[PDB]
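Chains R, U, H, G, Y and E supply the protein sequences, listed in that same order. Heads up: take any position in the first sequence, counting from 1, add 2, and you land on the numbering used here. Heads up: take any position in the second sequence, counting from 1, add 2, and you land on the numbering used here. Heads up: take any position in the third sequence, counting from 1, add 2, and you land on the numbering used here. Heads up: take any position in the fourth sequence, counting from 1, add 2, and you land on the numbering used here. Heads up: take any position in the fifth sequence, counting from 1, add 2, and you land on the numbering used here. Heads up: take any position in the sixth sequence, counting from 1, add 2, and you land on the numbering used here.
There are 6 protein chains.
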Amino acid sequence: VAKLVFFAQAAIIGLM
Amino acid sequence: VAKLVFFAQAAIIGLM
Amino acid sequence: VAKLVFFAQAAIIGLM
Amino acid sequence: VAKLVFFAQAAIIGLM
Amino acid sequence: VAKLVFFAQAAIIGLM
Amino acid sequence: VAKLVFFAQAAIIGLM
């Protein structure tokens with residue numbers, strides 16, 4: 003987004 | 003929440 | 003913030 | 003691995 | 003450890 | 003490094 007938005011699903015994904 | 007939320011409690015705790 | 007807010011731009015910066 | 007390992011692939015991928 | 007070592011267990015813990 | 007290495011000292015710094 004830069005901002006890092008973190009999700010977990012297990013892999014962690016940080017999207018910009 | 004899964005959206006991962008980070009807290010600096012020191013140890014870092016990532017909460018869902 | 004203590005909630006952590008992550009930024010990237012390189013290197014990542016987590017600001018409380 | 004769980005030990006969390008971070009990769010900057012951009013998106014950040016935390017792998018176990 | 004400073005170095006942040008990340009573990010997952012689900013909560014993520016980053017220990018110094 | 004791209005593997006990410008996190009440091010804290012405040013704010014967190016992730017170095018590739």
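The C-beta atom is built at its ideal place from N, Cα and C for all residues, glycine as well.
- Residue contact with chain U for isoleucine 15 of chain E: absent (no Cβ-Cβ distance below 9 Å to any residue of chain U).
- In the structure shown, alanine 10 of chain G adopts extended strand secondary structure according to DSSP, grouped into three states.
- Looking at the backbone, the Cα of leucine 6 of chain H and that of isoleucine 15 of chain E are separated by about 12 Å.
- Any Cβ of chain R closer than 9 Å to the Cβ of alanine 12 of chain Y would place that residue at the interface, and such an atom is present.
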